[PDB]
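**Q** The structure follows.
With ideal geometry, Cβ positions are generated from the backbone for all residues, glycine too; neighbour counts draw on all protein chains shown. Each value in this text was obtained by applying a stated rule to the coordinates, not by laboratory testing.
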Amino acid sequence: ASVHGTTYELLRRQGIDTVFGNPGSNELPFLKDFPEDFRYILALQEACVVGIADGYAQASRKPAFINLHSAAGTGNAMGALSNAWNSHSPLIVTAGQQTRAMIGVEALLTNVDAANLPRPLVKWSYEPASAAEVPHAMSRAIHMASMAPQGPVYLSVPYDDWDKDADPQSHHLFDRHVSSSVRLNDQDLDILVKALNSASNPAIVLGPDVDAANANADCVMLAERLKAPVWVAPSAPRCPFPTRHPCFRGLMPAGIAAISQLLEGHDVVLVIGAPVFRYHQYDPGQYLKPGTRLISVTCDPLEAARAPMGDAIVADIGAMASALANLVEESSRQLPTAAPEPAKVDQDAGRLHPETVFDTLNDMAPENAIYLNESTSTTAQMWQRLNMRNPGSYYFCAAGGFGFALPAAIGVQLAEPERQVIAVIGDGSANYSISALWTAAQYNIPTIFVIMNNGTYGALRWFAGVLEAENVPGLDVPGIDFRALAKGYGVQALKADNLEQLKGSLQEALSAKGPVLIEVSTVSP
Amino acid sequence: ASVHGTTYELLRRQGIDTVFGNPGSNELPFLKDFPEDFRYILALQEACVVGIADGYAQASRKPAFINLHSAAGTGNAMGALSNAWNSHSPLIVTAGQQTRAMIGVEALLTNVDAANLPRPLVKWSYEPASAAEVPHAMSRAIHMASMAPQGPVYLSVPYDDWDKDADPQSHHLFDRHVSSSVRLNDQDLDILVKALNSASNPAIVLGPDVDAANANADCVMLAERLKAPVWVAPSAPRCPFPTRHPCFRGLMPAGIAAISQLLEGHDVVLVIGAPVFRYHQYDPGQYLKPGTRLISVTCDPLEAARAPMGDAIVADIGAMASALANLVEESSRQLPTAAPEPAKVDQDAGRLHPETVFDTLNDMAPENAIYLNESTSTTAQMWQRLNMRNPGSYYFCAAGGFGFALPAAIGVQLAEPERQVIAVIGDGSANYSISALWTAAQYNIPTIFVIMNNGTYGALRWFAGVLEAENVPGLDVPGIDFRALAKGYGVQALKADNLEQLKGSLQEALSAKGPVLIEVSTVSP
Amino acid sequence: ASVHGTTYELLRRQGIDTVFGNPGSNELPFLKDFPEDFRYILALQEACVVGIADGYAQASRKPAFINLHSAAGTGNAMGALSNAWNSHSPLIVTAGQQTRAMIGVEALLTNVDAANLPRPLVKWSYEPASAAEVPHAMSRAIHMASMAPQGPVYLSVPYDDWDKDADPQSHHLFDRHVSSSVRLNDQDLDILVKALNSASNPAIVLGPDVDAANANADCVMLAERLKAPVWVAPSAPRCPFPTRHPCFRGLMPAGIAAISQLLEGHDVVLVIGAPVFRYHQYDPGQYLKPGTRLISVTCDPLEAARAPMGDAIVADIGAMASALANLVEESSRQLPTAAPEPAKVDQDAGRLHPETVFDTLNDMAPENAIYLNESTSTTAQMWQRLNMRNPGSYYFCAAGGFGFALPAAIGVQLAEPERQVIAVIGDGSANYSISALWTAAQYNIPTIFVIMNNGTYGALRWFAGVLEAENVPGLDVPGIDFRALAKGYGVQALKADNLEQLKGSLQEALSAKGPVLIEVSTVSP
Ligand SMILES: Cc1ncc(Cn2c(C)c(CCOP(=O)(O)OP(=O)(O)O)sc2=O)c(N)n1
Ligand SMILES: Cc1ncc(Cn2c(C)c(CCOP(=O)(O)OP(=O)(O)O)sc2=O)c(N)n1
Ligand SMILES: Cc1ncc(Cn2c(C)c(CCOP(=O)(O)OP(=O)(O)O)sc2=O)c(N)n1
Ligand SMILES: [Ca+2]
Ligand SMILES: [Ca+2]
Ligand SMILES: [Ca+2]
Ligand SMILES: [Ca+2]
Ligand SMILES: [Ca+2]
Ligand SMILES: [Ca+2]
Ligand code: NA
Ligand code: NA
C-alpha cells in the first residue's frame, strides 16, 4: 500500500470522513484519488476553513479534519486556532510541505520550522522524519486531538511522501481505541459527594466542557438533587444548561469582585467543565469571600494549575457529571425558583433595540434552534432572552477572536441538519470571515445570518467610555452593504429596518430552502 | 512622562507617523489620546491590516507600524507575515496584551506565551518585563525591523503599561541612528571587480532586494558596463530592472534544471539581492553546468548559508550595487539586443485571454503605473507584456501566500499617491482579503483592482494536469459576483465581458476619483 | 558517494580537521571509518567537550566542530553554549539522532523536537528532512557559525543517514566561500572619520570582537592617532588591547552610573566590538552624562538594537578597525600617559593574597602567556597586574557561566601550542568541569591550572554583604583536595600554601612537559 492509501484507511477507520480545506500545490498529492466515501468542504480563506471545521467538531462532538496550504495557509488560520484552543476543539490540522528534496534550499512554499508555526495554540505539532512515518504521525494527531483535554493539533507532510510505500505494520494503527473517560477514585469521590450532601447553601457553575461532553442533562439532575442555583462560567463559549430551568441564574459577570460577591453566602461552589475563571474586565477584589470554598472539576491540567483558589479534580466531565448526579442525596431544601421573564423594552417604528431582536428570535425560532453570538455588546441581553432548552444550542468565540461565528455557524448547521442555526453577528465582526458565506451557498447549508448593524465597534466605544479615553481612532465602520456582500457570495439577502420588516424577514428566512442573511438596522450606542 | 507619551515621541523621532490597525480592548490604552500628528488606517481584518502596511513599507522603503489585538488578531495576520518574512518587509507588529494583573489567571484576551506565537516568521519577538521597559523594547523593534536584512518583528504590550511613568533615561532612545549600509572591504571588492572585468560571458540575476534598495539604476549601469544579460530571480516579489531595457531577459523559470540550462555558457553569474534560488516546481538536475560559476551578493546571512552553490558576500544591496556599477570596466563586447515584442494573441469578441488583458493594460496605463500580481496562472504573460520602466513597479506575494495583493495595493497606493496602482488578481485570490476593499473606499485610496475571473483555481487545475492527478476536489470557485462584493464595501464596480468592455472599463477607471474594481471574464484553462 | 564520505569531504574542504566529542550509539555511524586526516579529541562530559572546542575556536579564530550524543549529551552542554552565544564563538554542534524508522515511537535516545532543545542559545538549529540533505544542512551550519556575528549552531542527524547515497550535486557545496568582511560605505565612513577628527576629548571602548577579529593592532594605531584613552568594555570575555600601552585605562566597571561618570567630559566615545554595555550590578543613573555622545561599531544587529543610547554601525570589526585606523588624522594632542604600576600588597608567610599571586604570575610567566579567568572575586586585580602585550591573551566566560575556563584552557593550549596557557580558577569554579583535566592528561596538552582555594564562593559572600543579606545557605565549599582530583585524572599536582611554595610550584610547572595543577591557599574574604 501507499502512504496515501494507508492514511485514508486510518482516517476512515477512526471515523473521519470529511476534509475541510483550501487547497494548494503541496496538497495535490494528498487530495488526488480522493476517496469516494469522503466529503471535501471548500472554503475560500483558511480562517473560514478552520472556523467551519470547528463548529462542525464542537456540534458533532468528534474530531474534524482540516487540510491547509503550507505556512501561508496555516498562518491565515492562526486566529481561528486561538479560539479552538480555548474551546478544547478536537481539530486535526494538516498542512502540505514542499517535497523533501527542496526543503533545504527553502523553495517557494517551504514551511520553514513548520512545527513551531502554530505554537503555542496547539496540543501537539509535528513533521515526520520520513514518508513511512506519516500514518503513525497521523494516528498520533488523531489521538492527541481527541484525548481529554481535547484541542487542535498540527501535522506537516512533505508532498512527496504520499506516493511512497507504507510500512505494512501500519495496519496496527487502524482500530486503536484510546480512552480518557475517567473519574475520581471511589474513596475520594465519596469524600466529594459527602461534602456536597453536607453543604448548607451549595452553588454550581458550569462551563463549556459540560456541553462538549453532553453532560447537560446530568448537571440538571445534579442541580435538582442539590437544590442548587446554576450559573454559567464567564466568557462562555457554549451553553451547558437549559436557560429556563428553575435553577438557572444566567451568565456570570467576567470580573473577580463581581463573582466573589455573587457567590457570597454559598458555602460550597462546585465548578464543572470551566476554567476558574475566564475573567475579562479589570475588577479587582477578593477571589472568594470568607465562608465560600470552591471545588473545580476540569478536564484540563492547565486549568487546574492556574486556578487562583479552590481544590481541583482533573477528570472527564461526562464521567464525573454522571457519577455525581447519580450519587448525591436528594436535599430536602426547596428547589430554586425560576428567574422572572425579561421585560419588554420600549420599541418605536425605527431602528431595532437588540432586546427586540432577541425577543423576536425567541418568539419565532424553533425550540431546537442553535444560536451563535458574535455581537458582544449584546451578549447579556442574548443570554437573558433566548430560551435554549437543549444541549448544543449556543456558541461564542472562546478566545474572543472574531471571525468565528460566521464560518462556525455553517459547520454547526452541517453537523445538525435538522436544527435551524441562527448566527447573530455584529456589523464589525461580520467582515473578519465574510467569505465563508460562499461555502453555505455552494453546499446549500441553510444557516441564517442575522447582522446587527449599528455602524460601529460598539463594545469598544463603550469600553472607551469606561476608560474615559478620548480621541481613540478606528471605532466606526460605516458604509458596508451586507445585502450586497451576501449577493456577492450567492446567499439570499433581506433587510430589516424596523420591527415589521424584522418579523417579515425572519418569516421568509425560516421558510427558505438555503442560507439567508438578514441585515438588521440596530440602535447606535 | 508616561510610557504612552515617551513611546509616541520615540516613534515620531524615528520617522513613524502612521498606525495600521484593527483595534481591541487591550489596545485602547495605547490608542487613546492618539497624537494629532499621526494617521490611523483601519482595516476590517488583520490579514488586511498587515497587507496594507506591507505594501506601504515596501513602496516607501521605510518601516511600517502595525497595531493588532492580542493572540487572535496576531493569528489572523500570520499568513500576511509569511509573505513579509520572504520580502524582507520592515514591519513593526505590536499587539496588546492583558493587564499584568490577570495574565497569570489567563483572563480572556491574554496572549499566552505571546512571543512564540508569530515565530518562526519574525526576526525578533518580545514581551517586556515591566512597563518602563516598553520604550526601550519599541526601540529594539524599530531597529530590528530596519537593519539589513529587513523583516517583520513583534512586540506584545500589557495594556496597563501605557499609563505608567517612563524612565527619564529613555530620551537617549529618541535620536539613535543605526546603519547597516555596508560593502565588501576594498581588497576583496577589487578581487570581485577584476573577476567581473575578466569574465568572457557574464550574466546578472537580480532579486527583490535590489528594488527594495532602489539599486535598480545602479544595476542598469552595471549591466551596461559589463554588456551582460539580466534576468529576474525566480518567484520574483518585486521588479528590479526596466523590462524593456536591451539587457533584460525576463523572469527565470523556478526550476533547478531550467536555470542551469539558461545559464549554460555564462562563465560568471552575478546574483544580486536574491536567494539562490527561490525554486518552486520539481525540476531536478544540475545546479550549474560545467563552466559556470556563481557569485551572490545578499543582504541576508540565511540566504548566503543555504545557497547550494557559488560564493557569497553578505552586505547592503544599495552600497554594493553602487560600488560595483562605478568600479567595473566598460567592456568592449556588444550590448545585448532587446527582446522582441510579444505577439498579439488571437482574440474574438468573447471572454478575454490574459494576454489581451495585459496588452490593453500596457496600452492604457500611465508609464509610471505600479502593478501587483495575484493571478499566478498568468504570471509569465504579465512579465512579458507590461513595460515597467521605473523602480517600485511590481509586487507579488513573496511567500506565495494569497491575500497579499488586494490589501498591499492599497498600501502601495497610499505610499505613491501620484502613481496609479493596478492590482491584477485572480477570482480565487480575490477572496482571501476581500474586506480590504473597505479601506480603499473609506480613505479614498484610488487603487484599481482588476479581477481575472475564470471561475476556477486555474494554476491548481494545471498542476493537477502535470501530476496526472485525477479526482482532486475543491478546484472550482463558481458563483462569485465581484461587482456586488465591491458594492458591499463601497467601491465603484465595472464588468468587462469582452475587449470592448475592457477598454471602456479601463478608461472609466483611469479617470475615476476613487478606487475601482473591474471584473474581467477571462478564458477558462 | 555516501552521505558520510560527502560530509567529511565538505568538512575538510571548509578547513575543519578536528572533532571534539563524547560519543554515543547514534554517533557511531558518523564516527566509523573516521578519516585518517582528522583528529578526535575526547572529553568525559559534554560541558567539557564544548568548552574545549570553544577555547580552540576563540584562539584559532576559526570554527570548531563538535559531536554530541542526542538530547542528553546536547543538554549537558547547554551551559557551555550560553557562554559561546555571548562570545560569538563559531561552534558547529552536531548531535546524533535515532534512526528515522524509530523516531516516531520515541525509542530510547530519540531527541524529541530536537531543533528546539538548544534554543535560544544558537544562531541556527536544524534537523534535515532526508539523508541526502545532510551535506547541504552541514554546509548551512558551517556558514551560519562562521558569518558575522559568529556563534554556535546545531544540527541533529538521524544515524541511518550516513550510509545512504549522497546527491552528486552536493559537490557544489565543497568550495563555497562566504564573506561578511564588510565596512561602512565611503560617504558615511567619511562622516564618521571627520567626527572622530573633530572630537576635543575622544575616548575608545573595546570589546571581545576586537580580539576575535585580531583588530587589536589596528585599535592601537587608532588610539595613538586620536590620542585617546582606551577602556575594555565591562564583563570582558577577551582582552582587546595591550594592557601596558600608554592609552590603556583598564576594565570598565559593569554599572550604568559608574560608566557614565567615567565617560564624563569625553565628547565622543567610540565603542568597537562590544555590546553597549554588558552591565552586571545594579547601579542606576544616567546612561551618558550631558556632553557625551556615543558611536558603536558592532558585528551584531542584536547589540545595535538593544543599546540604550548612541548611534551604531553594524559591520565587520576587522574591516572597520583597519579602515578607521588608516583614515583618521594624527591629533596634535598629547598622548595619554601610562597608568602607574600597581602597588605591592603586604604579604606575610601565610595564605596568599590574590594580588601576590597575580604579581608572581606576571613576574614568572612568558611574555606570550595566555590567561583564563574563572576566579571572579579577583578579576579587578587580575586585570591590573598581568601585562598582556599580545592578542589572544585573556578569556573569561562570556555569559558568566562557570565551567568554561578549565576546559577552554585546554582548547586554547591546543590552538596555541607555543604559548603557555595559565588558567586561574576559583575553588568553587574548578568543580563545574573538573573532568576536563583528563583530556589534558591524555593528549598531553600542557595547560597550567592555578586553583585559587579559599574554601568559599567568595563573590557571593561579598554580594550577600552588599545586600545586607543574612542567612544565605550554600556559600561555602570546604573539603576539596584539588591535588587528589588532579591525580584522579592523571595531571601532575602541586600545592602552594605560601609565597615560597607558590614560586617553587610555578617554576616546576613552567618547566614541566605536561599539564600541571597548582592548588594555592588564598586568603578568605
Ligand atoms: C480578530 C479580532 N480582532 C479585533 C477584535 C476586537 N474587538 C472588536 C473589533 C469589537 C467591536 C465589534 O463590533 P461589532 O459590530 O461586531 O459588535 P458590537 O457593535 O456589538 O461591539 S469588540 C472587540 O473585542 C476581536 N475581538 N477579534
Ligand atoms: C493563502 C493561500 N491559500 C492557498 C493557496 C494555494 N493556491 C491557490 C488556491 C491557487 C489558485 C488561485 O486561483 P486564482 O483564481 O486566484 O488564479 P488562477 O486561476 O490564475 O490560478 S494557486 C495556489 O498556490 C495559496 N497560494 N495561498
Ligand atoms: C554555572 C554557574 N553556576 C553558578 C554560578 C554562580 N556563581 C558562583 C557559584 C560564584 C562563586 C564562585 O566561587 P569561586 O571559588 O570559583 O571564586 P570566588 O571565591 O573568587 O568567588 S560567583 C557566581 O556568579 C555561575 N556563575 N555559573
Ligand atoms: Ca416572547
Ligand atoms: Ca456594531
Ligand atoms: Ca501595445
Ligand atoms: Ca481563477
Ligand atoms: Ca613585578
Ligand atoms: Ca573561592
Ligand atoms: Na508560532
Ligand atoms: Na531549549
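**Q** For a 28 Å ceiling on Cα separation, which of these pairs sit above it: B:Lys123/C:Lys62; A:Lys495/B:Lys495; B:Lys164/C:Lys289; A:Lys123/B:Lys62; A:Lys32/A:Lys62; A:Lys62/A:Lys289?
**A** A:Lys123/B:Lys62; A:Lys62/A:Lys289
**Q** In peptide A:468-478, what is the residue-averaged number of other protein chain Cβ atoms found within 10 Å of each Cβ?
**A** Mean number of neighbouring Cβ atoms from other chains: 6.
**Q** Remind me, relative contact order of the range A:59-123 in percent, using alpha carbon pairs under 8 angstrom and six or more residues apart?
**A** The value is 42 percent.
**Q** Cross-link partners among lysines for B:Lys227, C-alpha distance below 18 Å, same-chain residues fewer than 8 apart left out?
**A** By straight Cα distance, B:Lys227 reaches B:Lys194.
**Q** If amide H atoms are built 1.01 Å from N in the plane of the peptide, which residues on other chains or at least 5 residues away come under 5 Å of the amide H of A:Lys495?
**A** A:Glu519
**Q** For chain A, what is the relative contact order in percent, using Cα pairs closer than 8 Å and at least 6 residues apart in sequence?
**A** Normalised by residue count, the contact order of chain A is 14 percent.
**Q** Under 5 Å between amide hydrogens, which residues at least 5 positions from A:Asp476 or on another chain qualify, with H placed 1.01 Å from N in the peptide plane?
**A** Amide H to amide H, under 5 Å and 5 or more residues apart or across chains, A:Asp476 pairs with A:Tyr457.
**Q** Just tell me how shielded C:297-304 is by partners: mean number of partner chain Cβ atoms within 10 Å of each residue's Cβ, no decimals. Write down the numbers at each step before the final one.
**A** On the way: counts 1, 1, 0, 0, 11, 6, 0, 8.
Across the residues of C:297-304, the mean count of other-chain Cβ atoms within 10 Å is 3.
**Q** Still on this model: Whole-Hz Karplus ³J(HN,Hα) for the range B:337-347, in order, using 6.51 cos²θ - 1.76 cosθ + 1.60 and θ = phi - 60°, x for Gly and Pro?
**A** Those phi angles translate into 7, 4, 4, x, 3, x, 6, 7, 7, 4, 9 Hz.
**Q** What does DSSP give for the range B:341-525 in terms of the percent of beta bridges that are antiparallel, rounded to the nearest 5?
**A** 5
**Q** Which whole-Hz couplings ³J(HN,Hα) result when phi for each residue of the range C:418-429 is put into the Karplus expression 6.51 cos²θ - 1.76 cosθ + 1.60, θ = phi - 60°, listed in order with x for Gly and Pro?
**A** Calculated HN-Hα couplings, in order: 9, 10, 5, 8, 10, 9, 10, 10, x, 4, x, 4 Hz.
**Q** Then there is this: Amide H neighbours of B:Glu374 under 5 Å, at least 5 residues apart or on other chains, H built in the peptide plane: list them.
**A** So B:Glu374 has HN proximity to B:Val424, B:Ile425, B:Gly426.
**Q** Highest mean first, what order results for A:151-158, B:318-325 on Cβ atoms within 10 Å?
**A** A:151-158, B:318-325
**Q** What number comes out for the charge environment of C:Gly428, summing +1 per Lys or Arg and -1 per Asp or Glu over other residues with Cβ under 14 Å away?
**A** Net of charged neighbours comes to -3.
**Q** With unit charges on the beta carbon (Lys/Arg positive, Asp/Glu negative), name the residue among B:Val523, A:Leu263, B:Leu437 whose Cα is farthest towards the positive pole of the charge dipole of the protein assembly as shown.
**A** B:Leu437
**Q** Tally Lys and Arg at +1 and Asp and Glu at -1 over the other residues with C-beta under 14 Å from the C-beta of B:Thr378: what net charge comes out?
**A** Net local charge, B:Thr378 excluded: -1.
**Q** How far is it, in nm, from the label point at B:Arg100 to the one at A:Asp363 when both lie 7 Å from their Cα along the line to the Cβ?
**A** The answer from the label model is 5.3 nm.
**Q** I've got another one for you. Relative contact order for the range C:1-42: what percent, with Cα pairs under 8 Å and sequence separation of 6 or more?
**A** Details: 21 pairs, mean separation 20.6, N = 42.
With pairs under 8 Å counted, the relative contact order is 49 percent.
**Q** Applying the Karplus parametrisation 6.51 cos²θ - 1.76 cosθ + 1.60 with θ = phi - 60° to the phi angles of the range A:493-506, what ³J(HN,Hα) value in whole Hz is obtained for each residue in order, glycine and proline being reported as x?
**A** 10, 9, 10, 9, 9, 7, 5, 4, 5, 5, 4, x, 5, 5
**Q** When the helix-only estimate is applied to chain B (DSSP H runs of n ≥ 4, each -39,500 (n - 2.57), divided by the residue count), what is the mean residue ellipticity at 222 nm, nearest 500 deg cm²/dmol? Walk me through the intermediate numbers first.
**A** Working: 21 runs with 188 residues, N = 525.
After summing the helix terms and dividing by residue count, I get -10000 deg cm²/dmol.
**Q** Please report, in debye to the nearest 20, how large the charge dipole of the protein assembly as shown is about its Cα centre when each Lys and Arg carries +1 at its beta carbon and each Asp and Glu carries -1 there. Could you put the intermediate results ahead of the total?
**A** Values: 105 positive and 159 negative charges, 114 e Å.
With only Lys, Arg, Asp and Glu charged at Cβ, the dipole is about 540 debye.
**Q** Relative to 2.2 N^0.38 Å, what does the C-alpha radius of gyration of the protein assembly as shown come to as a ratio? Two decimals please.
**A** Numbers: Rg = 34.6 Å, N = 1575, 2.2 N^0.38 = 36.1 Å.
Rg over 2.2 N^0.38 Å, computed on Cα atoms: 0.96.
**Q** Run the simple label-point estimate for A:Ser2 and C:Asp267 please: 7 Å along Cα→C-beta, distance reported in nm.
**A** 7.6
**Q** Can you list the copy-to-copy distances for A:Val523, using a point 7 angstrom from Cα toward Cβ, in nanometres, shortest first?
**A** Result, one decimal in nm: 6.0, 8.4.
**Q** Moving on. Apply the Debye scattering formula to the range C:422-510, with a single equal point scatterer on each alpha-carbon and no solvent, then give log10 I(q)/I(0) at q = 0.14, 0.25 Å⁻¹.
**A** Values, matching the q order: -0.58, -1.31.
**Q** Using just the alpha carbons, could you tell me how many Å³ per residue the convex hull of the range A:179-340 encloses?
**A** Once divided by residue count, the hull of the range A:179-340 is 106 Å³.
**Q** Turning to a different aspect of this structure: FRET efficiency for B:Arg461 and B:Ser511, Cβ-Cβ distance as r, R0 = 41 Å, nearest 0.05?
**A** Plugging the Cβ-Cβ distance into 1/(1 + (r/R0)^6) gives 0.70.
**Q** I've got another one for you. Determine the shielding of peptide B:32-39 by partner chains: average, over its residues, the number of Cβ atoms on other chains within 10 angstrom of each Cβ.
**A** Per-residue shielding by partner chains comes out at 3.
**Q** Give the shape of the range A:369-425 as rounded, prolate or oblate, defined through the alpha-carbon gyration tensor: a ≥ b ≥ c are the square roots of its eigenvalues, a/c under 1.5 means rounded, and otherwise the shape is prolate if a/b is larger than b/c and oblate if not.
**A** It comes out oblate by the Cα gyration axes.
**Q** In whole Å, how far is the Cα centre of the range A:425-465 from that of the range B:402-464?
**A** 22
**Q** Please state the charge dipole magnitude for the range B:111-197, taken about the Cα centre, from unit charges on C-beta atoms (+1 on K and R, -1 on D and E), reported in debye and rounded to the nearest 20.
**A** 460
**Q** Shifting gears a bit: Considering the rotational relationship between chains C and B, which residue of chain C contributes the beta-carbon of minimal distance to the axis, and what is that distance to the nearest Å?
**A** C:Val182, 2
**Q** Over chain A, what is the percentage of antiparallel beta bridges among all DSSP beta bridges, to the nearest 5?
**A** 5
**Q** Need the C-alpha centroid separation for the range B:188-248 versus the range C:91-151, integer Å.
**A** 35
**Q** For the range C:365-483, what is the per residue volume of the convex hull drawn over the alpha-carbon atoms, in cubic angstrom?
**A** 113
**Q** Run the simple label-point estimate for B:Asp497 and B:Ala195 please: 7 Å along Cα→C-beta, distance reported in nm.
**A** Result for the modelled spin labels: 6.0 nm.
**Q** Which residues in the range C:430-445 have a backbone N closer than 16 Å to a point placed 7 Å from the Cα of C:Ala484 along the Cα-to-Cβ line?
**A** The answer is C:431.
**Q** For chain B, what are the per-bin percents of Cα-Cα distances with bins 10 Å wide, up to the bin holding the maximum?
**A** 4, 18, 27, 25, 18, 7, 1, 0
**Q** If we count other beta carbons within 10 Å of each Cβ, what is the order of C:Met452, A:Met364, C:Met252, fewest first?
**A** Ordered from fewest to most neighbouring Cβ atoms within 10 Å, C:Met452, A:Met364, C:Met252 come out as A:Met364, C:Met252, C:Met452.
**Q** A follow-up question, please. How many nanometers, to one decimal and shortest first, lie between the label point of A:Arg306 and those of its other copies, if labels sit 7 Å from Cα toward Cβ?
**A** 2.7, 3.3
**Q** Also, quick follow-up: Shortest first and in nm to one decimal, what separations exist between C:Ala380 and its copies in the other chains, measuring from label points 7 Å along the Cα-to-beta-carbon line?
**A** 6.3, 7.4
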